[PDB]
Colleague: 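Dumping the structure here so I can ask a few things about it.
So you know, we letter chains A, B, ... as the sequences are listed, proteins then strands, and number each from 1. What you see below is based on every heavy atom in this structure, not just the backbone, and it leaves out hydrogens, waters and symmetry mates.
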Amino acid sequence: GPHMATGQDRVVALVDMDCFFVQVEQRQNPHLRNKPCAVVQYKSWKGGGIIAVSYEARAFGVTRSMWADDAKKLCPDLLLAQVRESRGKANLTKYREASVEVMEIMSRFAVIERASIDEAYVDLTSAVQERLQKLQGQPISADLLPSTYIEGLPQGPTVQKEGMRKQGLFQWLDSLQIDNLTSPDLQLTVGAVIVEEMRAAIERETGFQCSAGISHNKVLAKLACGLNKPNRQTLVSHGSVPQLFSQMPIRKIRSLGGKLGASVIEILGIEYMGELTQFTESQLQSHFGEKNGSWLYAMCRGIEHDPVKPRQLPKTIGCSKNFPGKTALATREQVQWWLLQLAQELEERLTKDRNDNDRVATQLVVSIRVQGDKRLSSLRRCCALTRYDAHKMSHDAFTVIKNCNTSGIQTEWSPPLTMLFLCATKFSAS
DNA sequence: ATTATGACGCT
DNA sequence: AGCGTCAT
Ligand SMILES: Nc1ncnc2c1ncn2[C@H]1C[C@H](O)[C@@H](COP(=O)(O)OP(=O)(O)OP(=O)(O)O)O1
Ligand SMILES: [Ca+2]
Ligand code: NA
């Protein structure tokens with residue numbers, strides 16, 4: 001009743017760039033704009049592996065993880081941009097730098113949590129309160145929400161997409177009580193107005209388009225963002241949750257896309273998020289653990305409390321390379337040469353990071369995979385990172401892994417290594 | 001022969 | 001610590 005929390009205390013948005021690496025390449029090369037195109041890494045093996053796909057190319061069935069040679073079978077006119085290669089490996093610097101451009105703009109509007117290279121959460125609770133004060137009971141015009149969808153509308157008693165969007169928006173605005181500064185639906189709407197402004201600023205100042213979700217927590221905001229892509233934003237209200245969740249496969253909710261989600265489905269014999277409401281909190285904790293059970297109990301009701309953490313910079317800086325099949329490293333010289341290549345890229349990134357961000361990494365983590373192991377990482381060891389020097393880092397990395405060598409011969413390496421990974425961690429202010 | 005990342009949970 | 005899960 002009156003004491004039942006409804007998880008409507010915050011306004012949270014998730015902003016996510018559309019086909020990000022493709023946009024970065026299209027900005028740089030106008031010949032790729034408005035074309036089916038994709039970004040690929042490496043080229044020798046099957047034309048390279050696709051890592052990003054324009055919406056025009058998606059229409060042909062082109063997807064991430066596809067080999068470009070195979071993508072060309074679906075889309076003969078597909079255009080390709082290659083990830084830069086430095087020191088024998090893919091170098092993602094251009095995309096990281098583009099990400100900083102966007103994150104810096106978002107940070108003008110509110111505190112952000114960097115969630116990935118091209119997405120960030122925003123806690124808009126305070127900004128909304130402020131904007132509500134300026135508005136002073138004044139209604140919100142549809143003109144302020146030119147790219148916003150209201151999930152679940154229109155409903156009740158045009159055949160074009162944009163017509164539908166406007167009908168839903170009108171029904172929503174018609175029902176708003178702008179007289180109540182504490183109305184959660186009103187707070188969400190003002191949140192959406194701010195996100196329109198943020199998205200406009202990103203596009204004006206970078207050229208990049210994005211989508212966004214606006215809701216009361218991170219999980220719903222993330223789910224919302226994907227409902228209308230590309231170049232649109234979606235508002236998911238508390239009230240929209242029962243219908244939305246009633247046919248929402250469990251795997252669509254962030255964190256349920258893997259083994260836990262599969263177990264929820266198997267153990268409970270359900271398919272959709274909404275079906276979770278029929279279990280008690282203790283029942284859910286019994287199957288999935290205290291933490292997961294409480295989380296599920298609240299989440300299936302649209303409630304989640306994970307905060308938007310104030311963190312704009314990555315917490316680790318890493319460099320990794322696979323050596324698949326016949327390329328696996330089988331000699332000590334090979335292993336040392338590649339550790340050096342990685343260490344050199346890492347040094348470059350670390351030095352730039354120290355200058356830009358006034359911090360220093362203090363731990364170096366070294367990870368490898370051995371041929372045969374189904375696991376992505378086979379072994380992880382740490383050592384001290386006391387100097388930003390690639391030769392030292394690579395020597396140190398070799399020292400911590402060298403005993404993994406089964407080979408009786410000093411010069412040979414067995415079993416061959418199929419992955420090397422160096423990661424700088426544990427930053428301290430400097 | 002997906003690859004290159006990056007955050008967080010468990011013990 | 002070192003490993004696993006989940007994600008982009
Ligand atoms: N599995 C991956 N391997 C390598 N790079 C990836 C992978 N997934 C995503 N990326 C990179 C390239 C993407 O452009 C960027 C952002 O990813 P993501 O948001 O999932 O898709 P996207 O921005 O390309 O398309 P969308 O418009 O669907 O969001 O990160
Ligand atoms: Ca994206
Ligand atoms: Na993303």
Colleague: Taking the minimum atom-to-atom distance to the side chain of A/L260, which one of C/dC6, B/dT3, B/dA7 wins?
Modeller: C/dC6
Colleague: For A/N292 and B/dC10, give me the distance from atom CG to atom P, rounded to whole Å.
Modeller: 7 Å
Colleague: Nearest to the side chain of A/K259, which nucleotide is it out of B/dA7, C/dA7, C/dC6?
Modeller: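 It is C/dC6.
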Colleague: Measure from CG on A/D118 to P on B/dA4 and round the result to the nearest Å.
Modeller: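 Distance, rounded to whole Å: 19 Å.
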Colleague: Remember a base hit wins even if backbone is also touched, and classify A/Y42 as base, sugar-phosphate or nothing at under 4.0 Å, heavy atoms.
Modeller: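 Since only primed, P, OP1 and OP2 atoms lie under 4.0 Å of A/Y42, the category is sugar-phosphate.
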Colleague: Do the side-chain N or O atoms of A/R311 get closer than 4.0 angstrom to the phosphate oxygens (OP1, OP2) of B/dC8?
Modeller: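 Yes, because at least one side-chain N or O of A/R311 sits under 4.0 Å from OP1 or OP2 of B/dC8.
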Colleague: Kindly point out which of B/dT3, B/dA4, C/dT8 is positioned nearest to the side chain of A/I51?
Modeller: B/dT3
Colleague: Under 4.0 Å between any heavy atoms, over every strand shown, what does A/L376 touch: base, sugar-phosphate, or nothing? Just pick one.
Modeller: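 It contacts nothing in the nucleic acid.
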Colleague: How close or far is atom P of B/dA4 from atom CG of A/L422, stated in whole angstroms?
Modeller: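 Rounded to whole Å, this separation is 13 Å.
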Colleague: Base, sugar-phosphate or nothing for A/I50? Non-hydrogen atoms, less than 4.0 Å.
Modeller: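 A/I50: no heavy atom of the nucleic acid under 4.0 Å.
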Colleague: With sugar-phosphate meaning primed atoms plus P, OP1 and OP2, does A/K321 contact a base, only sugar-phosphate, or nothing at under 4.0 Å between heavy atoms?
Modeller: sugar-phosphate
Colleague: Regarding A/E196 and A/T148, do their side chains bring together a donor and an acceptor under 3.5 Å, going by distance alone?
Modeller: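 There is such a pair (donor and acceptor under 3.5 Å, judged by atom type) between the side chains of A/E196 and A/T148.
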Colleague: Which part of the nucleic acid, if any, lies within reach of A/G257 when heavy atoms closer than 4.0 Å are counted: base, sugar-phosphate only, or nothing?
Modeller: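 The answer is sugar-phosphate, as A/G257 gets under 4.0 Å only of primed atoms, P, OP1 or OP2.
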Colleague: Can you tell me how far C1' of B/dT5 sits from NZ of A/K94, to the nearest Å?
Modeller: 18 Å
Colleague: Over how many whole Å does the gap from A/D353 atom CG to B/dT5 atom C1' extend?
Modeller: 15 Å
Colleague: Which part of the nucleic acid, if any, lies within contact of A/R349, taking any heavy atom under 4.0 Å across all strands shown: a base, the sugar-phosphate backbone alone, or nothing?
Modeller: sugar-phosphate
Colleague: Tell me if the centroids of the rings in A/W295 and A/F288 come within less than 6.0 Å of each other.
Modeller: no
Colleague: Closer than 4.0 angstrom, basic N to acidic O: yes or no for A/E347 and A/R387?
Modeller: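 No, no charged N to carboxylate O under 4.0 Å.
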Colleague: The side chain of A/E119 is closest to which nucleotide in this list: B/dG9, B/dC8, C/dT8?
Modeller: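 Looking only at side-chain atoms, A/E119 lies closest to C/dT8.
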Colleague: Rounded to the nearest angstrom, tell me the gap between atom CD1 in A/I317 and atom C1' in B/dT5.
Modeller: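 Atom CD1 in A/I317 sits about 12 Å away from atom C1' in B/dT5.
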Colleague: Does NZ or CZ of A/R301 come closer than 6.0 Å to the centre of the six-membered ring of A/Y297, within 45° of the ring's axis?
Modeller: yes
Colleague: Under 4.0 Å between any heavy atoms, over every strand shown, what does A/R64 touch: base, sugar-phosphate, or nothing? Just pick one.
Modeller: base
Colleague: When the nearest nucleotide of DNA chain C is assigned to A/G261 and to A/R381 on a heavy-atom basis, which residue is associated with the more 5' position?
Modeller: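 Closest to the 5' end, via its nearest nucleotide, is A/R381.
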Colleague: Whole angstrom is fine here: how far is it from CZ in A/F427 over to P in B/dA7?
Modeller: 9 Å
Colleague: Charged N to carboxylate O below 4.0 Å: is that the case for A/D77 and A/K72?
Modeller: no
Colleague: Tell me the interatomic distance from A/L420, atom CG, to B/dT3, atom P, rounded to whole angstroms.
Modeller: 14 Å
